[PDB]
Structures are given as structure tokens and as C-alpha cells.
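What follows is one structure encoded as C-alpha cells, with my remarks underneath.
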Amino acid sequence: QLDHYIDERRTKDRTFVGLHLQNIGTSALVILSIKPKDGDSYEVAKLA
Amino acid sequence: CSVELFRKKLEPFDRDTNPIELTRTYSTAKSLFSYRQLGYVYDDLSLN
Amino acid sequence: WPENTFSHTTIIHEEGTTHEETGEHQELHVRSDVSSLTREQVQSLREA
């Protein structure tokens, strides 16, 4: 039923941020937030 | 047609007094044209 | 480091596609250890 679970997950409209990755030569971590004009920056997700 | 009526938000489902959270999520009018996210599917699409 | 190295421009919006949740045959029930299962199936079992 994992397939049914993912089907019911994908039934909903979705949005994504895309990233293109370039080597840096170290151990980097990114902190990503959304900035609205009429609000304060709010953290989104975690990545490195 | 009636685009102003559509941009109008539905009531009283908008207010937080509604225990059901799905109505608060979908208080709009445009999204309702698709029932993918509503979660209920009719078994048969025939007519007698 | 300069955050401009990576590209954070494009946004991808994908409409909720179809879903086929009808039909379940040969339900390979898998009886597991009691202590292995987690809270949500615990609660479903309790309600049942």
C-alpha cells in the first residue's frame, strides 16, 4: 500500500524550488527561507 | 462569468471556529472545481 | 560563501494529477511484532 500512499500524496497540487548544484570543495550547508514583502522571512527546509 | 463573485471568499467556512481543517484549507472558490484533493471518488460514471 | 554560486530562480508548479485508489486484491497481510509497529497503527488497532 506504499504505492497507494504515494498516489494519495501526489493527488494534490504541488510547488517546488529547483536547485542546480556546483562543487565547492568543502562541506557546505544551505539555509533556505521565503521572503514576503508584507511579512518577515520564514524558514522553509534544510539541505547540505 | 461572475469573477468578482468567485474572488469573493466563501463563508462561514473561512473562520477558525470550524473544527474541520479541510474547509479552512479550501475556503476559496477556484480550487473546488477539482475534487482530486477532496479525497472522495465516485465508483461509477455511468447514467442508468 | 557567496550565495549566488547556486541558482535559486525557477519555481515549479505541478497540478494535482489523477489517482486510481479503486481495487484491492490478494491482500498479503503481514503479521509483525507488536513492539515493532508505531503509534498510528497502534491507535487504529485500539479504535478497531
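Quick notes
- Under the condition of being part of a loop (DSSP other than H, G, I, E, B), out of contact with any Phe, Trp or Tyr (no Cβ under 8 Å at 6 or more places or on another chain) and of a type in the set (S, T, N, Q), the residues counted in region B:23-48 number 4.
- Screening A:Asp38, A:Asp3 for residues that are without any contact (Cβ under 8 Å) to a residue 12 or more places away in the chain and either assigned to a loop (DSSP other than H, G, I, E, B) or among the aliphatic types (A, V, I, L, M) (or both) leaves exactly one candidate, A:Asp38.
- In region A:24-44, the residues that are more than 22 Å from C:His13 (Cβ to Cβ) and more than 10 Å from chain C (Cβ to nearest Cβ): A:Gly25, A:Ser27, A:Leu29, A:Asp40
- First in region C:21-48 and of a type outside the set (A, V, I, L, M), second anywhere and surrounded by 10 or more Cβ atoms within 10 Å (Cβ to Cβ) and not in a loop (DSSP other than H, G, I, E, B), Cβ under 9 Å, 6 or more apart: C:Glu21/A:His4; C:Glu21/A:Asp7; C:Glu21/A:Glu8; C:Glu24/A:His4
- Selected residue (only one of C:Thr17, C:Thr10 is within 11 Å of chain A (Cβ to nearest Cβ) and in contact with a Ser or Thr (Cβ under 9 Å, 6 or more places away or on another chain)): C:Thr17
- If the condition is being surrounded by 10 or more Cβ atoms within 10 Å (Cβ to Cβ), within 30 Å of C:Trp1 (Cα to Cα) and among the β-branched types (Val, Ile, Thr), then chain A contributes A:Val17, A:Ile24, A:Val30, A:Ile31, A:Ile34, A:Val44.
- Filtered residue count, region C:1-31, keeping only those that are part of a loop (DSSP other than H, G, I, E, B) and closer than 21 Å to A:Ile6 by Cβ: 16
All Cβ positions, even for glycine, are placed from backbone atoms using ideal geometry, and neighbour counts span all protein chains on display. None of the figures in this text is laboratory data; all of them are computed from the coordinates on show.
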